[PDB]
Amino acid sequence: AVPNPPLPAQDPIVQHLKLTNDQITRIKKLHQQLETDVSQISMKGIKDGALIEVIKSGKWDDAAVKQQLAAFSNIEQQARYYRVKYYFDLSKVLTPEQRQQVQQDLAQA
């Protein structure tokens, strides 16, 4: 699973790079946009505590569980799309050496 990117000041993948302030400025803007984008993903699909209720009731509800998990799936697919695009866009401001570093750190995850 693509990682949920920390703030660049907190992200070990970017902290490991010796980035110029211009590079950091650009990556910060990218991460800001990432958070803006993911914050717009609709979460209305999730019902608060749909799974706990099934467990609490003692009666298995195949349809309800599948629906809730499908809703989680849909949201995560979208969030991860933007997380992947972030690291892709991030790589564009890097040197070839820095880029190979990121690719290695990401493949590991």
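For every residue, the number given is its place in the sequence shown, counted from 1.
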Between 14-22 and 89-97, name whichever shows the higher mean Cα B factor according to the PDB entry. 14-22
Given 37-45 and 78-86, the range whose Cα B-factors average higher in the PDB entry: 37-45
Once the chain's modelled residues are ordered by C-alpha B factor and cut into thirds, is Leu51 in the lowest, middle or highest one? middle
Ranked by Cα temperature factor within the chain, is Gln68 in the lowest third, the middle third or the highest third? lowest
